[PDB]
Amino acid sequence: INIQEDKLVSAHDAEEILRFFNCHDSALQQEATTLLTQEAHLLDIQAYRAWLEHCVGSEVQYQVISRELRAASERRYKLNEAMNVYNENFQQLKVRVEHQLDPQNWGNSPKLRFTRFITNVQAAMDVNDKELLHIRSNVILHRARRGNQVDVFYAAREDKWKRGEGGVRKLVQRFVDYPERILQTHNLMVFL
C-alpha cells in the first residue's frame, strides 16, 4: 500500500497488510484458527490458570491501548499518543488471574458468563525468526452478569505466537488498539 495515495492508512497498518499478502499457507491459517478457538474456549469457561499454562508464554507482552483523539492533520502536538489499558508481563497476568480466582472477589458472585466470537484469522511466519508466528484475528466478546448487565467488546488483535514448553505454541505478544475511546462497558476487565 502507498500511504501517500491511500491517505487514511497508517504506516503500521500498511506494514501488517504486507505480512499476510505474500506467502499464504493454508495449513497455517487452520492451525492458527484451532489455536485461537481453543484459547477462547479456555477463557470463556474462566479456566484462567489453564489459559496461562497452555496459551501464554513466559516472555509475553499483553497490551491493549487507548489512543487519544487527535486531528487528522495534526503535525505539531507530540505528547504521549496513547495510554495502556493493559501492558502486562506474565507475572502481571498472573496477578490478574489470582484476582479473578480469589474467593473474596465479590463481583464474581454470581458467576459471570462469557462468550467469545473469533473471526478473520490470518497467519504468517516471521521472515527473520522462522519460529515466530504472526496471527491476526478479530474478537467480539460478550459478558453477561447480574440479571441484566450485558457488555459487548469489539477488537482486532495483532498476535505473535511461538513454540514453548513441550512444543506447544504460546502467545508472546498481543497488541490491541481498542477502537472505542470512551468505554461504555463499565470497565475493560476482560481478556481480549
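In case it trips you up, residue 1 is the first one in the sequence shown, and so on.
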{"query": "Between the two ranges 113-121 and 68-76, the one averaging a larger CA B factor in the entry", "finding": "68-76"}
{"query": "Selected stretch [higher average CA B-factor]: 5-13 or 175-183", "finding": "5-13"}
{"query": "Member of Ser137, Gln29, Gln63, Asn128 with the greatest C-alpha B factor (per the PDB record)", "finding": "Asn128"}
{"query": "Criterion, highest CA B-factor; candidates, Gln46, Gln149, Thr37, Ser58", "finding": "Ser58"}
{"query": "B-factor third for the C-alpha atom of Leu132 within its chain", "finding": "highest"}
